[PDB]
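What's in input-v2.pdb: PDB, C-alpha atoms and all ligand atoms
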ATOM      1  CA  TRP K   1      11.203  67.038 -37.807  1.00  0.00           C
ATOM      2  CA  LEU K   2       7.848  65.939 -36.374  1.00  0.00           C
ATOM      3  CA  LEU K   3       6.418  66.627 -39.849  1.00  0.00           C
ATOM      4  CA  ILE K   4       8.512  63.654 -40.947  1.00  0.00           C
ATOM      5  CA  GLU K   5       8.493  61.317 -37.968  1.00  0.00           C
ATOM      6  CA  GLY K   6       4.913  61.941 -36.827  1.00  0.00           C
ATOM      7  CA  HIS K   7       3.011  61.674 -33.541  1.00  0.00           C
ATOM      8  CA  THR K   8      -0.397  60.131 -32.882  1.00  0.00           C
ATOM      9  CA  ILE K   9      -2.595  58.295 -30.376  1.00  0.00           C
ATOM     10  CA  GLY K  10      -5.211  55.597 -30.757  1.00  0.00           C
ATOM     11  CA  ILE K  11      -6.859  52.422 -29.520  1.00  0.00           C
ATOM     12  CA  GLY K  12      -3.575  50.485 -29.673  1.00  0.00           C
ATOM     13  CA  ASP K  13      -2.129  52.860 -27.074  1.00  0.00           C
ATOM     14  CA  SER K  14      -4.896  51.830 -24.639  1.00  0.00           C
ATOM     15  CA  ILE K  15      -5.075  48.041 -25.082  1.00  0.00           C
ATOM     16  CA  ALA K  16      -3.061  46.101 -22.511  1.00  0.00           C
ATOM     17  CA  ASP K  17      -2.119  42.426 -22.538  1.00  0.00           C
ATOM     18  CA  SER K  18      -4.485  39.594 -21.639  1.00  0.00           C
ATOM     19  CA  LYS K  19      -2.165  38.644 -18.770  1.00  0.00           C
ATOM     20  CA  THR K  20      -2.342  42.284 -17.665  1.00  0.00           C
ATOM     21  CA  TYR K  21      -6.156  42.214 -17.767  1.00  0.00           C
ATOM     22  CA  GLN K  22      -6.185  38.986 -15.745  1.00  0.00           C
ATOM     23  CA  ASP K  23      -3.852  40.547 -13.161  1.00  0.00           C
ATOM     24  CA  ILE K  24      -5.999  43.694 -12.904  1.00  0.00           C
ATOM     25  CA  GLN K  25      -9.176  41.630 -12.479  1.00  0.00           C
ATOM     26  CA  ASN K  26      -7.463  39.496  -9.819  1.00  0.00           C
ATOM     27  CA  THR K  27      -6.357  42.637  -7.955  1.00  0.00           C
ATOM     28  CA  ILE K  28      -9.889  44.077  -8.132  1.00  0.00           C
ATOM     29  CA  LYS K  29     -11.388  40.785  -6.914  1.00  0.00           C
ATOM     30  CA  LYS K  30      -8.896  40.622  -4.029  1.00  0.00           C
ATOM     31  CA  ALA K  31      -9.684  44.226  -3.057  1.00  0.00           C
ATOM     32  CA  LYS K  32     -13.426  43.507  -3.135  1.00  0.00           C
ATOM     33  CA  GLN K  33     -12.924  40.362  -1.041  1.00  0.00           C
ATOM     34  CA  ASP K  34     -10.841  42.332   1.472  1.00  0.00           C
ATOM     35  CA  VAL K  35     -13.415  45.117   1.786  1.00  0.00           C
ATOM     36  CA  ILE K  36     -16.128  42.452   2.196  1.00  0.00           C
ATOM     37  CA  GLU K  37     -13.986  40.937   4.965  1.00  0.00           C
ATOM     38  CA  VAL K  38     -13.518  44.253   6.776  1.00  0.00           C
ATOM     39  CA  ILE K  39     -17.205  45.176   6.479  1.00  0.00           C
ATOM     40  CA  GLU K  40     -18.050  41.711   7.844  1.00  0.00           C
ATOM     41  CA  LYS K  41     -15.737  42.435  10.779  1.00  0.00           C
ATOM     42  CA  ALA K  42     -17.525  45.768  11.227  1.00  0.00           C
ATOM     43  CA  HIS K  43     -20.932  44.048  11.088  1.00  0.00           C
ATOM     44  CA  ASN K  44     -20.268  41.683  14.010  1.00  0.00           C
ATOM     45  CA  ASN K  45     -18.618  44.464  16.096  1.00  0.00           C
ATOM     46  CA  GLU K  46     -14.959  43.479  16.280  1.00  0.00           C
ATOM     47  CA  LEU K  47     -13.513  46.543  14.510  1.00  0.00           C
ATOM     48  CA  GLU K  48     -11.659  48.411  17.244  1.00  0.00           C
TER      49      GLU K  48
ATOM     50  CA  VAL V   1     -39.569  57.196  35.000  1.00  0.00           C
ATOM     51  CA  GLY V   2     -43.253  57.806  34.288  1.00  0.00           C
ATOM     52  CA  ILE V   3     -45.988  60.438  34.592  1.00  0.00           C
ATOM     53  CA  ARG V   4     -49.770  60.542  34.882  1.00  0.00           C
ATOM     54  CA  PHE V   5     -52.406  63.278  34.862  1.00  0.00           C
ATOM     55  CA  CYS V   6     -55.075  64.756  37.127  1.00  0.00           C
ATOM     56  CA  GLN V   7     -58.503  63.178  37.573  1.00  0.00           C
ATOM     57  CA  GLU V   8     -61.413  65.584  38.019  1.00  0.00           C
ATOM     58  CA  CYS V   9     -60.152  68.469  35.864  1.00  0.00           C
ATOM     59  CA  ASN V  10     -57.790  66.258  33.795  1.00  0.00           C
ATOM     60  CA  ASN V  11     -54.635  68.397  33.981  1.00  0.00           C
ATOM     61  CA  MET V  12     -50.883  67.783  34.211  1.00  0.00           C
ATOM     62  CA  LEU V  13     -49.457  66.797  37.609  1.00  0.00           C
ATOM     63  CA  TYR V  14     -46.648  68.699  39.380  1.00  0.00           C
ATOM     64  CA  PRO V  15     -44.536  67.546  42.351  1.00  0.00           C
ATOM     65  CA  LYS V  16     -44.847  68.742  45.938  1.00  0.00           C
ATOM     66  CA  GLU V  17     -43.100  67.809  49.169  1.00  0.00           C
ATOM     67  CA  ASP V  18     -45.160  67.251  52.313  1.00  0.00           C
ATOM     68  CA  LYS V  19     -44.280  69.188  55.452  1.00  0.00           C
ATOM     69  CA  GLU V  20     -45.736  66.716  57.968  1.00  0.00           C
ATOM     70  CA  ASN V  21     -45.383  63.114  56.764  1.00  0.00           C
ATOM     71  CA  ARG V  22     -42.228  63.660  54.607  1.00  0.00           C
ATOM     72  CA  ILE V  23     -43.569  61.811  51.547  1.00  0.00           C
ATOM     73  CA  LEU V  24     -43.381  63.063  47.960  1.00  0.00           C
ATOM     74  CA  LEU V  25     -46.821  64.216  46.844  1.00  0.00           C
ATOM     75  CA  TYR V  26     -47.714  64.548  43.165  1.00  0.00           C
ATOM     76  CA  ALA V  27     -50.520  67.071  42.805  1.00  0.00           C
ATOM     77  CA  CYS V  28     -52.391  69.225  40.318  1.00  0.00           C
ATOM     78  CA  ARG V  29     -51.976  72.862  41.355  1.00  0.00           C
ATOM     79  CA  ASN V  30     -55.027  73.707  39.293  1.00  0.00           C
ATOM     80  CA  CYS V  31     -56.803  71.597  41.950  1.00  0.00           C
ATOM     81  CA  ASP V  32     -56.388  70.283  45.488  1.00  0.00           C
ATOM     82  CA  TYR V  33     -55.970  66.668  44.324  1.00  0.00           C
ATOM     83  CA  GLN V  34     -53.115  65.085  46.302  1.00  0.00           C
ATOM     84  CA  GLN V  35     -51.809  61.523  46.041  1.00  0.00           C
ATOM     85  CA  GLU V  36     -48.637  59.537  46.635  1.00  0.00           C
ATOM     86  CA  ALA V  37     -46.513  57.838  43.974  1.00  0.00           C
ATOM     87  CA  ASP V  38     -45.240  54.287  44.433  1.00  0.00           C
ATOM     88  CA  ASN V  39     -42.400  54.746  41.922  1.00  0.00           C
ATOM     89  CA  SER V  40     -40.540  57.270  44.161  1.00  0.00           C
ATOM     90  CA  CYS V  41     -38.720  58.601  41.078  1.00  0.00           C
ATOM     91  CA  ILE V  42     -39.165  62.037  39.516  1.00  0.00           C
ATOM     92  CA  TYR V  43     -36.414  62.508  36.933  1.00  0.00           C
ATOM     93  CA  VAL V  44     -34.018  60.275  35.004  1.00  0.00           C
ATOM     94  CA  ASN V  45     -31.835  61.190  32.020  1.00  0.00           C
ATOM     95  CA  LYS V  46     -29.536  58.725  30.241  1.00  0.00           C
ATOM     96  CA  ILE V  47     -26.996  61.211  28.901  1.00  0.00           C
ATOM     97  CA  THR V  48     -24.836  58.496  27.318  1.00  0.00           C
ATOM     98  CA  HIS V  49     -28.137  57.177  25.873  1.00  0.00           C
ATOM     99  CA  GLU V  50     -27.913  53.387  26.025  1.00  0.00           C
ATOM    100  CA  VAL V  51     -31.607  52.797  25.456  1.00  0.00           C
ATOM    101  CA  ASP V  52     -32.788  49.353  24.362  1.00  0.00           C
ATOM    102  CA  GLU V  53     -33.650  49.590  20.666  1.00  0.00           C
ATOM    103  CA  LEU V  54     -35.356  46.172  20.637  1.00  0.00           C
ATOM    104  CA  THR V  55     -38.631  47.880  21.564  1.00  0.00           C
ATOM    105  CA  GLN V  56     -37.852  50.666  19.073  1.00  0.00           C
ATOM    106  CA  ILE V  57     -37.916  48.433  15.988  1.00  0.00           C
ATOM    107  CA  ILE V  58     -41.359  47.891  14.472  1.00  0.00           C
ATOM    108  CA  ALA V  59     -42.165  44.183  14.139  1.00  0.00           C
ATOM    109  CA  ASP V  60     -43.376  44.778  10.553  1.00  0.00           C
ATOM    110  CA  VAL V  61     -40.073  46.043   9.119  1.00  0.00           C
ATOM    111  CA  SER V  62     -39.129  42.501   8.023  1.00  0.00           C
ATOM    112  CA  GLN V  63     -41.804  42.433   5.297  1.00  0.00           C
ATOM    113  CA  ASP V  64     -40.079  45.339   3.459  1.00  0.00           C
ATOM    114  CA  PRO V  65     -39.081  44.619  -0.167  1.00  0.00           C
ATOM    115  CA  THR V  66     -35.879  46.672  -0.422  1.00  0.00           C
ATOM    116  CA  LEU V  67     -34.312  45.487   2.842  1.00  0.00           C
ATOM    117  CA  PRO V  68     -31.625  42.765   2.651  1.00  0.00           C
ATOM    118  CA  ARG V  69     -32.455  39.102   3.137  1.00  0.00           C
ATOM    119  CA  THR V  70     -29.960  36.634   4.600  1.00  0.00           C
ATOM    120  CA  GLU V  71     -30.270  32.850   4.648  1.00  0.00           C
ATOM    121  CA  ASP V  72     -28.297  31.955   7.787  1.00  0.00           C
ATOM    122  CA  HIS V  73     -28.803  33.112  11.424  1.00  0.00           C
ATOM    123  CA  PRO V  74     -32.258  31.611  12.101  1.00  0.00           C
ATOM    124  CA  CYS V  75     -34.871  32.933  14.499  1.00  0.00           C
ATOM    125  CA  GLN V  76     -35.295  31.760  18.098  1.00  0.00           C
ATOM    126  CA  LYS V  77     -39.001  31.108  18.775  1.00  0.00           C
ATOM    127  CA  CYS V  78     -39.459  29.577  15.311  1.00  0.00           C
ATOM    128  CA  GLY V  79     -36.783  28.034  13.131  1.00  0.00           C
ATOM    129  CA  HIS V  80     -37.541  29.809   9.827  1.00  0.00           C
ATOM    130  CA  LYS V  81     -34.040  29.978   8.362  1.00  0.00           C
ATOM    131  CA  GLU V  82     -34.541  33.364   6.663  1.00  0.00           C
ATOM    132  CA  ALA V  83     -34.089  36.802   8.208  1.00  0.00           C
ATOM    133  CA  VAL V  84     -33.474  40.490   7.524  1.00  0.00           C
ATOM    134  CA  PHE V  85     -30.466  42.469   8.765  1.00  0.00           C
ATOM    135  CA  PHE V  86     -30.062  46.249   8.917  1.00  0.00           C
ATOM    136  CA  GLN V  87     -28.645  49.023  11.099  1.00  0.00           C
ATOM    137  CA  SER V  88     -30.446  51.517  13.317  1.00  0.00           C
ATOM    138  CA  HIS V  89     -29.308  54.590  11.307  1.00  0.00           C
ATOM    139  CA  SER V  90     -30.495  56.877  14.109  1.00  0.00           C
ATOM    140  CA  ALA V  91     -28.624  60.173  14.367  1.00  0.00           C
ATOM    141  CA  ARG V  92     -26.984  61.133  17.714  1.00  0.00           C
ATOM    142  CA  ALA V  93     -27.823  57.676  19.174  1.00  0.00           C
ATOM    143  CA  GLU V  94     -24.327  56.112  19.271  1.00  0.00           C
ATOM    144  CA  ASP V  95     -22.076  55.187  16.344  1.00  0.00           C
ATOM    145  CA  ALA V  96     -22.303  51.374  16.299  1.00  0.00           C
ATOM    146  CA  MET V  97     -22.240  49.419  13.038  1.00  0.00           C
ATOM    147  CA  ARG V  98     -23.877  46.443  14.775  1.00  0.00           C
ATOM    148  CA  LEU V  99     -26.707  44.634  13.035  1.00  0.00           C
ATOM    149  CA  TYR V 100     -30.379  44.309  13.978  1.00  0.00           C
ATOM    150  CA  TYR V 101     -31.854  40.953  12.939  1.00  0.00           C
ATOM    151  CA  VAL V 102     -35.630  40.547  12.556  1.00  0.00           C
ATOM    152  CA  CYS V 103     -37.420  37.309  11.698  1.00  0.00           C
ATOM    153  CA  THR V 104     -39.393  37.558   8.452  1.00  0.00           C
ATOM    154  CA  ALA V 105     -42.182  35.077   9.226  1.00  0.00           C
ATOM    155  CA  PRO V 106     -45.697  36.579   8.882  1.00  0.00           C
ATOM    156  CA  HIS V 107     -46.805  35.765  12.449  1.00  0.00           C
ATOM    157  CA  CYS V 108     -43.372  35.902  14.129  1.00  0.00           C
ATOM    158  CA  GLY V 109     -41.485  39.081  14.957  1.00  0.00           C
ATOM    159  CA  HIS V 110     -39.054  38.071  17.677  1.00  0.00           C
ATOM    160  CA  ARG V 111     -36.107  40.351  16.902  1.00  0.00           C
ATOM    161  CA  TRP V 112     -32.580  39.809  18.204  1.00  0.00           C
ATOM    162  CA  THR V 113     -29.278  41.669  17.992  1.00  0.00           C
ATOM    163  CA  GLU V 114     -25.981  39.771  17.991  1.00  0.00           C
TER     164      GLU V 114
HETATM  165 ZN    ZN K 201     -56.422  69.005  38.520  1.00  0.00          ZN
HETATM  166 ZN    ZN K 202     -39.213  33.781  13.952  1.00  0.00          ZN
END
For the file at hand, write its structure as structure tokens.
Ligand SMILES: [Zn+2]
Ligand SMILES: [Zn+2]
Amino acid sequence: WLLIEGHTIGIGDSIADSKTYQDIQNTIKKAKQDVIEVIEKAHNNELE
Amino acid sequence: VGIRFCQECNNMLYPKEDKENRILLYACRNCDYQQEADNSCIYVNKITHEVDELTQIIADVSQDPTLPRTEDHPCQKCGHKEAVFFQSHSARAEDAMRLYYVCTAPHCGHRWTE
């Protein structure tokens, strides 16, 4: 049956939406800002 | 807190108590050279090891290329709104992530830690 219907994989199975890419970049930027914030707290010796 | 050496044979000095006058008497037992010590301290050991690292840092570390370079937090003796920040990174001497600021002026070198 797979001989008829066929299975594959390609580039189109990896591309996400532009809104998705914007959301992922926003999440990465927020994570980087948060780790910058916590390392700044660790720099000035307030991290208990 | 501090040690010194013998005079006429130039050897290392060992302690001795005095039987008569009850004063500590540093002396070289390769000699008969006896003298008193004004410090009145023989042995100190900071086991928790809170030494002052401000004398540990070389005043010339600021002119390193690959160290960071901040723009805020100016120096004290001179204004010079440019400084270098780093950590001690000394093993077994505490675990603090607190920063060691050095002024980067060529003739300055007043270092502070906030
Ligand atoms: Zn001697
Ligand atoms: Zn300075």
Exercise. What does the PyMOL selection byres (((not hetatm)) within 12 of (chain K and resi 201)) select in this file, as JSON, numbers by chain?
Worked result: {"V": [4, 5, 6, 7, 8, 9, 10, 11, 12, 13, 14, 26, 27, 28, 29, 30, 31, 32, 33, 34, 35]}
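The residues sitting within 10 Å of ligand ZN 202 (chain K), with all atoms listed in the file considered, come out as residues 74, 75, 76, 77, 78, 79, 80, 81, 82, 83, 102, 103, 104, 105, 106, 107, 108, 109, 110, 111 and 112 of chain V.
Within 12 Å of residue 41 of chain V, once only C-alpha atoms are used and residues closer than 6 positions along the same chain are dropped, the contacting residues are residues 1, 2, 3, 15, 23, 24, 25 and 26 of chain V.
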Padded axis-aligned box of segment 11-23 of chain V (4 Å per side), centre and edge lengths, Å, one decimal, as AutoDock Vina command-line options:
--center_x -48.4 --center_y 65.5 --center_z 46.0 --size_x 20.4 --size_y 15.4 --size_z 32.0
With 10 Å as the cut-off and all atoms listed in the file counted, what is the closest atom pair between each nearby residue of chain K and chain V? Distances in Å to one decimal, ordered by chain and number, as a Markdown table.
| residue | atom | partner | partner_atom | distance |
| --- | --- | --- | --- | --- |
| K:39 | CA | V:97 | CA | 9.3 |
| K:41 | CA | V:97 | CA | 9.8 |
| K:42 | CA | V:97 | CA | 6.2 |
| K:43 | CA | V:98 | CA | 5.3 |
| K:44 | CA | V:98 | CA | 6.0 |
| K:45 | CA | V:98 | CA | 5.8 |
| K:46 | CA | V:98 | CA | 9.5 |
| K:47 | CA | V:97 | CA | 9.3 |
Exercise. Quick one: residues within 12 Å of residue 51 of chain V, all atoms listed in the file counted, chain neighbours fewer than 6 positions away excluded, as number ranges by chain?
Worked result: V: 45, 93-94
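Take atom CA of residue 53 of chain V and atom CA of residue 48 of chain K: the distance between them is 22.3 Å.
Taking atom CA of residue 62 of chain V and atom CA of residue 88 of chain V as the two end points, the separation is 13.6 Å.
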Exercise. If you measure from atom CA of residue 64 of chain V to atom CA of residue 91 of chain V, what distance in Å do you get, rounded to one decimal?
Worked result: 21.7 Å
